[PDB]
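Accompanying notes for the structure given below.
Here the Cβ positions follow ideal geometry from the backbone for every residue, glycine too, while neighbour counts run over all protein chains shown. Read-outs: derived from the displayed coordinates by stated rules, not from any lab.
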Amino acid sequence: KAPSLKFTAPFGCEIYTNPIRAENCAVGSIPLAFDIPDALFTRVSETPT
Amino acid sequence: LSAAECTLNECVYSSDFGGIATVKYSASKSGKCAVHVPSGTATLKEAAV
């Protein structure tokens, strides 16, 4: 029994059991898309300047 | 008036009255009178302030 994947995983993952899953593997990057409606854009003079 | 200065707070060339100009003046008498733009550059909302 060469040690578990809990202790040997690259990027510092955190292997768990009941769903077989890894946690918090610091690798890659998430892109994001924001479809923002036009109602949220407050005008200039309703904010300090 | 005497020594009046005009700055543009909001400026958006929208179809409605979408621009705010705050005229910083210094008046000899305190009384209402009429503002106007001679050109077709801007169309003012109110006739007097």
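Which residue is nearest to residue B:6 (Cα to Cα), if the candidates are limited to segment B:17-32 and must be of a type in the set (A, V, I, L, M) and under 10 Å from the mean Cα position of the chain (by Cα)?
Looking at the filtered set, the residue picked out is B:23.
Looking at the structure I just gave you, is residue A:42 exposed (fewer than 10 other Cβ atoms within 10 Å of the Cβ), of a type in the set (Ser, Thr, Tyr) and within 14 Å of chain B (Cβ to nearest Cβ)?
yes
Residue-by-condition table, conditions (1) over 30 Å from residue B:17 (Cα atoms); (2) within 14 Å of chain B (Cβ to nearest Cβ); (3) of a type in the set (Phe, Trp, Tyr):
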{"position": "A:4", "(1), (2), (3)": "yes, no, no"}
{"position": "A:11", "(1), (2), (3)": "yes, no, yes"}
{"position": "A:18", "(1), (2), (3)": "yes, no, no"}
{"position": "A:28", "(1), (2), (3)": "yes, no, no"}
{"position": "A:34", "(1), (2), (3)": "no, no, yes"}
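Residue-by-condition table, conditions (1) within 30 Å of residue B:7 (Cβ to Cβ); (2) without any contact (Cβ under 8 Å) to a residue 60 or more places away in the chain; (3) small (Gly, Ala, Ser):
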{"site": "A:4", "(1), (2), (3)": "no, yes, yes"}
{"site": "A:8", "(1), (2), (3)": "no, yes, no"}
{"site": "A:11", "(1), (2), (3)": "no, yes, no"}
{"site": "A:18", "(1), (2), (3)": "no, yes, no"}
{"site": "A:23", "(1), (2), (3)": "no, yes, no"}
{"site": "A:30", "(1), (2), (3)": "no, yes, no"}
{"site": "A:43", "(1), (2), (3)": "yes, yes, no"}
{"site": "A:47", "(1), (2), (3)": "yes, yes, no"}
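Taking residue B:12 as the residue in question, decide whether it is of a type in the set (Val, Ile, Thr), within 14 Å of another protein chain (Cβ to nearest Cβ), surrounded by 10 or more Cβ atoms within 10 Å (Cβ to Cβ) and out of contact with any helix residue (DSSP H, G or I) (no Cβ under 7 Å at 6 or more places or on another chain).
Spelling it out, residue B:12 is indeed of a type in the set (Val, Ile, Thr), within 14 Å of another protein chain (Cβ to nearest Cβ), surrounded by 10 or more Cβ atoms within 10 Å (Cβ to Cβ) and out of contact with any helix residue (DSSP H, G or I) (no Cβ under 7 Å at 6 or more places or on another chain).
Given the structure, is residue B:1 more than 14 Å from chain A (Cβ to nearest Cβ) and either of a type in the set (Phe, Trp, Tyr) or over 10 Å from the mean Cα position of the chain (by Cα) (or both)?
yes
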